[PDB]
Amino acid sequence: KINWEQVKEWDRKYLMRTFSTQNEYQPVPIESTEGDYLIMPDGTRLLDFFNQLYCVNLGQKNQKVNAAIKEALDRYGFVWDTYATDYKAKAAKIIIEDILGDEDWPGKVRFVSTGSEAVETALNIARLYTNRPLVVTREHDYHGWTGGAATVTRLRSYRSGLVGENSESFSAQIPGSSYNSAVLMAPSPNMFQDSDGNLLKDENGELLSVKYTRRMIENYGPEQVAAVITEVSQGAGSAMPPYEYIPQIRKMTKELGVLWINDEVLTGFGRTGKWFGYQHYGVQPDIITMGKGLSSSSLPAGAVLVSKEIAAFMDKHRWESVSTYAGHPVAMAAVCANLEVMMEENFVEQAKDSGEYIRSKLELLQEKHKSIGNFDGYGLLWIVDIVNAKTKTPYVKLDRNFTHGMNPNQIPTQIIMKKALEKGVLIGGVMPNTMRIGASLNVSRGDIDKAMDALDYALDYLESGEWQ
């Protein structure tokens, strides 16, 4: 028995708010979950096409994973990273030998507890390996929230600052942490189109975004730039780059003697219909960061995978870094089971298939809806650009530079979400003009149809314009 009224009371009173003021806050109790559904205390079932934070890849409450965690609990317990366990050794083995067995770059893994911790770790390693301070990120990148990971996060609305309630006159950024000179922000891969939608390139055929990034590094001195960090599809920032961007980044970094870190926290583990996002582009990074789909959120886990050469350098020294819960044996038991089910049940192929299906459904919805400017993606990770049906331009001018000071009733993705909710579906986005769609890798055709139907409905209401 649960007194859910008392839960709501304690939630309001004793928990710090995020994204909502206390004044506007309404708690949203979830009593249990299963597959692609959340279940409220009263039995209301919600089809979650956010997959929480694109991070419950295997599906909610997988029985094999939960069984594996219970088995681990018969033995552990807790030991820290200095001690060896079967679960932690095996989890690293599955990643390097089984998932990445066909690639030569993978060297060694360090496990930590969250994606931000994985990014912090990758930044530290890249800087130690190169003995260089600067890291290049991109406009709209999101790489986590802790002090080091936030420095390479250039998504204005997600930098742990304060904004007002339906007022944009109240921006407060964290003092002493609102900019960092050890990071250079390169432009979005998406910023160099001409008025016809064609890509701008230099005389050598290099995308202008890449060429600009190259010039920034030359100007600061390649001898002081450790790495470029990317997302192959910007997650929170909600954008897909030109196909040639990632290959050209790989090339450019090799030529300049600079490491490439690809952040796979969100794109990893089948999200994009391949094992990793980078594998769509025929190149291999120096370092990747992992979270989310690593355990499909069953328990907190993050990881960094470094190349053979980076691993060999680190092996030669005593590294003075300790994180209490890094390698936690029960979280590692969850990771092993998560990955074993993903492999065994061919979840990556499932995602590719469901993605091809989703593309079809979006082709149909676009023909039917003028507020869809474009859509793109793969697997269970899609963007849909929303535009004013009349003007063919976005409703919110600041777009990906907006802040949460805005009134949600003026935000197209907030409007869409609220309408789709009437149909028992959670679907929308985090950017004002852009849908961010994702479900479990094994989402059913039936649930995809249900989601797309609710979206059809929300888009009718949006294009009616009676919300304005």
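Note that residue numbering follows the sequence shown and begins at 1.
The deposited model assigns a higher average Cα B-factor to 375 to 383 than to the other stretch when 375 to 383 and 265 to 273 are compared.
For the pair 85 to 93 and 159 to 167, the mean Cα B-factor is higher in 159 to 167. Comparing the C-alpha B-factors of 230, 153, 297, 195 in the entry, the top value falls on 195. Of the candidates 318, 127, 390, 140, the deposited coordinates give 390 the top C-alpha B factor. When all modelled residues of the chain are sorted by CA temperature factor, residue 282 is found within the middle third. Residue-level temperature factors show residue 212 in the middle third of its chain, judged at the C-alpha atom. Among the modelled residues of its chain, residue 260 has a C-alpha B-factor that falls in the lowest third according to the deposited record. When the modelled residues of the chain are ordered by their C-alpha B factor, residue 218 lands in the middle third.
The entry lists a Cα temperature factor for residue 357 that places it in the highest third of the chain's modelled residues.
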